C-alpha cells in the first residue's frame, strides 16, 4: 500500500456529483485503477456485489484509471446517472497496478468507498408483520434505509418500564425485512434511529 483515499463514504443526491481524492504518500509514482460494484441485498446475510459498467450502471465514475504522481492527489468524480426511486448503494474500489527454496508473499491494500445513491424526496416507512414463528418482522417501506438502534417492545400504548428493550444497531434497507426474533405477543413498538416512532404490532 502506497496510497489512501478521501473519502471513504459519500451520498450522492439530486443528480449532483462529488469527488473522492486519492493521495500518494509514496515517493515513487504509481497507477491506480478504479472500478465499481453494485451491492445486492445490502444489510442482509445474502448480501453480494456485482460489477457494473461505468456508464450504464447507476453511477458514473470518471476516471477509470489514473497516474498518481508522488505526494500529489488526483480527483475522481462520482455523479448519479439517474436518480433512483429507492436508495442504491455501491462500492468503488481503488486498486493499484504494479506490474512492470524461497517464499515471497506480496501484500496489497485496496480501498472501497461506500456510496449511497439517494432518491429525490426522502421518506421512511416501517411496516410490521408477524412471522410464522410469530416473530415480529419489520419491512422497510421507506425508500431510504432505516438504521434502527434499539427497539422498545411494549405491552400497551405506553412504554412505562415493563417493556423489553433490545439494542440492534443494524440498518434496514428498502424492500427488506428484518426479524427481531421475538415471538411473544406484545402490542406495540418504539424505535430510535441514528441521525420515538410508535406503531401497532400485527398479531397474525
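Residue numbers count along the first chain shown, from 1.
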Going by the record, give me the number of deposited-sequence residues missing between residue 100 and residue 101 as none, 1 to 3, 4 to 9, or 10 or more.
10 or more
Looking at the deposited sequence, how many residues between residue 195 and residue 196 were given no coordinates in the entry: none, 1 to 3, 4 to 9, or 10 or more?
4 to 9
Decide which of the stretches 107-115 and 75-83 has the higher mean C-alpha B-factor, going by the entry.
75-83
Of the two stretches 144-152 and 32-40, which shows the higher Cα B-factor on average in the entry?
144-152
Identity of residue with top Cα B-factor, from 184, 24, 14, 9
184
From 177, 45, 62, 162, which pick has the Cα B-factor that tops the rest in the entry?
162
Using the B-factor values recorded in the entry, state whether the Cα atom of residue 139 falls in the lowest, middle or highest third among the modelled residues of its chain.
lowest
Residue 56 - Cα temperature factor, lowest/middle/highest third of chain:
highest
Using the B-factors in the PDB entry, rank residue 124's C-alpha atom against the chain and give the third, lowest, middle or highest.
middle
Taking the chain's C-alpha temperature factors as the reference, tell me which third residue 172 falls into: lowest, middle or highest.
middle
